[PDB]
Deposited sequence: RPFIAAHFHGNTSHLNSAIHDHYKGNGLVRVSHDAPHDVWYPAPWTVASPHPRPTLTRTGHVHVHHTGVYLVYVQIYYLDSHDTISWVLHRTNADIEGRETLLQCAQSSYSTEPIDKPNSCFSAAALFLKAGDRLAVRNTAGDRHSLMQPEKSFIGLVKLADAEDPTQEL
């Protein structure tokens, strides 16, 4: 049974400013992913995760913010040659009120079983412009594990 899976983590080879509408792109495959003998999702030079096999995947994302804004939030965007624009599959948010801009650490994690198609690209974007995150391997990452085969469950109208 092939292990169609990959883990990519932050690697600045760690504070990174992410501009409005830019995807997080300081990802790098973990060693077990680099060494994996299995067909698997891959990482593009733009920071997108490139899915090569259709199925239901467990997808998980963590962004570790070190930021002074009251609200930090990310979205997982899915693109594909067969759809116009982006689809938002997952969202995480953390928020607290402060009167002054104090930098503070907050990791925002989410995960779900998601249907993904061969040819999909996945990117993580912040929902609002200019947030700072720590791109260190234990702090920020995106990974996915194929759980089952599946036909496309949606059709056009």
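Missing from the model relative to the deposited sequence is only the stretch 14-26 (no C-alpha coordinates, numbering from 1).
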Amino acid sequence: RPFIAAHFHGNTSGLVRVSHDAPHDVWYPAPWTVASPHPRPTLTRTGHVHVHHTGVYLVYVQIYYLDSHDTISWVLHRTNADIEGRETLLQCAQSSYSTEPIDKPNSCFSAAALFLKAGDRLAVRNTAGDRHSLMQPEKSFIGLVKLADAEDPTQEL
From here on, numbers count along this sequence of modelled residues.
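Higher mean CA temperature factor between 110-118 and 43-51: 43-51, per the PDB entry. For the two regions 119-127 and 22-30, the entry's Cα B-factors average higher over 22-30. Per the deposited record, the Cα B-factor of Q94 falls in the middle third when ranked against the other modelled residues of its chain. Annotation for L157: C-alpha temperature factor in the highest third relative to the rest of the modelled chain, per the entry. In the PDB entry, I72 places in the middle third of its chain by CA B-factor. Compared with the other modelled residues of the chain, the Cα B-factor recorded for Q136 ranks in the middle third. Residue-level temperature factors show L147 in the lowest third of its chain, judged at the C-alpha atom.
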